[PDB]
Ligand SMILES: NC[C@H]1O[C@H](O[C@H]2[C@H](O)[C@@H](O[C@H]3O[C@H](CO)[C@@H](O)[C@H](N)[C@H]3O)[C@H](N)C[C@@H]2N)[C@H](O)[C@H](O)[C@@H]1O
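Shown below, as structure tokens, is a lone chain in the form deposited without the named molecule; questions about how it binds or moves come after it.
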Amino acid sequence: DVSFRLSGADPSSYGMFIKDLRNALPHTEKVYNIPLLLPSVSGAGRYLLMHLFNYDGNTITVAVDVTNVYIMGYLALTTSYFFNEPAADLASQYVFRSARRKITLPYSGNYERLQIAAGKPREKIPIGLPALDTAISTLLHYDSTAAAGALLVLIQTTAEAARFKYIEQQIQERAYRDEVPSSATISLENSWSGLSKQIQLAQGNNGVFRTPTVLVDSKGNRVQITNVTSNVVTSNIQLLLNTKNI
């Protein structure tokens, strides 16, 4: 599966990791040239395992649902941790079975619940490769409040980077220094579902969205995406959540 080593990591090798990750997610069709994620999968095949090594070489393995790129849990040494979610729970039936013990975090994994558990919105959580290296370290040794914050960083530096090229780029700019995410980045992260959907709906509407998706650009300006010619569709978005999951 996909490995990433923070020791010696530079924008080039991170880009290689994000590409491996995108390439590990299965799809049969493409919609306007963007890989479409499957409606569902059955078995251990529904999950991808990422090996993340922090600067010092200590590792966690993270489980990602390959149909929506959600993190469902992770393994840290002999302990597995999963979110307080039916899906997450179901996932524990296929990975990290050889874990000595299994812990279930008090909270579910949506960005909103994790933000509460962490005690802060992600508009204030610095992300980047250094932050990812810290996140990894934080999850090795249990603390659930710390973990909520580290997961928000991990999700943004992996799942969200995979889904959007602009975000993978933001993280590359923060390869040797963390910075909180731009509003644009937040807007994007929040618009994945809608965008994935509106892009799929335009196949029978001449490339025009039933409903326009509102974002903020790389400077605080609210803009509307009405059709697939926009750069967010042509250049930015790299994966589509199958509408059979929206």
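Note that the rigid core is defined as the largest set of C-alphas that superpose within 1.5 Å between two forms. Counting begins at 1, following the sequence as shown.
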- Query: Hey, after superposing on the core, which one moves around more in 9 other deposited structures of this protein, 214-222 or 35-43, CA-wise?
  - Reply: 214-222
- Query: Between 62-70 and 38-46, which has the larger average Cα B-factor in the PDB entry?
  - Reply: 38-46
- Comparing 149-157 with 100-108, the one whose average Cα B-factor in the PDB entry is higher: 100-108
- Note on the structure: Max C-alpha B-factor within the set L90, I136, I171, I125 falls on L90
- Ranked against its chain, the third holding the CA B-factor of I225: highest
- Item | Third of chain Cα B-factors occupied by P130 | lowest
- Message: Where does the C-alpha B-factor of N23 rank in its chain, lowest, middle or highest third?
- Response: middle
- Message: When the deposited Cα B-factors of this chain's modelled residues are ordered and cut into thirds, is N84 in the lowest, the middle or the highest one?
- Response: highest
- For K197, does the deposited CA B-factor place it in the lowest, middle or highest third of the chain? middle
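One more form of this protein exists, namely the form deposited with the named molecule bound; it is left out here, but the text below deals with it.
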- Query: When the site C-alphas are superposed and the named molecule is set in place as seen in the entry with it bound, is this chain open or blocked (3 or more ligand atoms within 2.4 angstroms of backbone or C-beta)?
  - Reply: blocked
- Quick one: of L129, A148, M72, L75, which gets a non-hydrogen atom within 4.5 angstroms of the named molecule in the entry with it bound? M72
- Position in contact with the named molecule when the complex is considered in the entry with it bound, options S108, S137, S144, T104, heavy atoms within 4.5 Å: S108
- Task: Decide whether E168 counts as a contact residue for the named molecule in the entry with it bound under a heavy atom distance cut-off of 4.5 Å.
- Result: no
- Query: Are any of the heavy atoms in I155 no more than 4.5 Å from a heavy atom of the named molecule in the entry with it bound?
  - Reply: yes
- According to a 4.5 angstroms non-hydrogen atom cut-off, is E85 in contact with the named molecule in the entry with it bound? yes
- Message: Just checking whether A118 would be counted as a contact of the named molecule in the entry with it bound - the rule being heavy atoms within 4.5 angstroms.
- Response: no
- Note on the structure: TL;DR on 109-117, 170-178, 96-104, 129-137: the one with heavy atoms within 4.5 Å of the named molecule in the entry with it bound is 109-117
- Applying a 4.5 angstroms cut-off on non-hydrogen atoms, the residues of 157-175 near the named molecule in the entry with it bound are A159, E160, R163
